[PDB]
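To begin, one chain is listed below as structure tokens, in the form deposited in one PDB entry.
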């Protein structure tokens, strides 16, 4: 039988191991300190310890610290989200610089178990899978974890409390992070709370997050795909431990360490909700980069129709090398993908628009002028991406608008470009932007007779 004690009531005197349930509000990533030692540090709260004394009006969070020690990386919890619950067995308590510090040697006899406050854990949300039950821990140390029938009430009550807490308070209070526009003034590392405006796949191992916080400042930071697979555009995250990059001249960059962590918030979070609505992307960095000869920051030149905003993306490697051998890929005709354009054909922009004879299924130059049929775009992009970064290939993506697909891509209605100088000029400008280094296209494509045709996508520059 395990007796669980509340955080403020745990004994500082008894030599002895204590057990508890708590809500995790912050955590380092599990990290190595030496040739046989790993540590994970967490900030925890519960109904008895969650807020500091205020003779005033701006609620600052109070918490205890939990330090988990282990001899293996796998024996430590990877916290991806603030608000989830941890159960610890056999922890010792002591005062470390005035604060309650619970310590647990997972390598000896201590153990931990993580429970999701929301219906699904971060990992379950990512892979779209329901949980075994509301009493099943999604992660735990050792080969086994037991949940006694008497514990159920503790978990359920704490979950209810966690939601009330996160929906009523910021939890991650202003004293727990630094405004991005003041990052340069920090002496060492600091924390950040910001909205992810964009997740740019820099290469097969790395994501580049474009972040913006309440101060209106934008910063970019690298985020390993394996380490933080839960990063999503439009979501608010707390970054534990970042440093201002003094060596980045072209763009504002934050440097992360092996112990740094990127965590999201449970659904009920008042802070995340407020920040999601309040923070918006105005594309200032992109607009300024377009005036430069070489842009060290990526520019996503297009946006897909809202009806495809939730559609998952497929790499070029999958689109062109597996779409005829993968059960899941063969099941679809519409896809969303991202890529950069290496070359646009035909070279002559004036020939991008041709006359189309529906009866003969043949297109022709409009240089002879006077109705060769309905005007259409017949453009071909040779593209490449992160998934095909090193190979000797370029991939064909089409903008053939004879049946409506991609008609308004350029925000220029099809016209005789030999005669309409205004349309020709807009298209020439677009061509230069499309083939410029670091310009990317985010497009929805439809597979037709072995080819991919752009649809429901428009340039935003």
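The term rigid core refers to the most C-alpha atoms you can superpose between the two forms while keeping them within 1.5 Å. Residue numbers count along the first chain shown, from 1. Residues that one form lacks are left out of the comparison.
The discussion below concerns the form deposited in another entry, not included here.
Undergrad: With the core superposed, a Cα shift of 2 Å or more between this form and the one not shown singles out one residue among 180, 262, 254, 301. Which one is it?
TA: It is 301.
Undergrad: Following rigid core alignment, is the displacement of the residue 273 C-alpha between this form and the one not shown equal to or greater than 2 angstroms?
TA: No; residue 273 is a residue whose C-alpha shifts by less than 2 Å between this form and the one not shown when the cores are overlaid.
Undergrad: Align both forms on the core first, then report whether residue 18 has a C-alpha shift of 2 Å or more between this form and the one not shown.
TA: Stays below the 2 Å threshold, so no.
Undergrad: Is the shift of residue 395 between this form and the one not shown large enough to count as movement, that is, does its C-alpha move by 2 Å or more after the core is superposed?
TA: Yes, the C-alpha position differs by at least 2 Å between this form and the one not shown.
Undergrad: Did residue 386 and residue 252 drift closer or farther in that other deposited form, going by a CA distance change of 3 angstroms or more?
TA: Farther apart in that other deposited form, by 3 Å or more.
Undergrad: Residue 240 and residue 123: do their C-alpha atoms lie closer or farther in that other deposited form than in the form you see, with a change of 3 Å or more?
TA: More distant in that other deposited form, by 3 Å or more.
Undergrad: For a shift of 2 angstroms or more at every C-alpha, which runs of three or more consecutive residues qualify between this form and the one not shown, with the core superposed?
TA: Once the cores are aligned, runs 51-62, 119-129, 295-461 are those whose C-alphas move by at least 2 Å.
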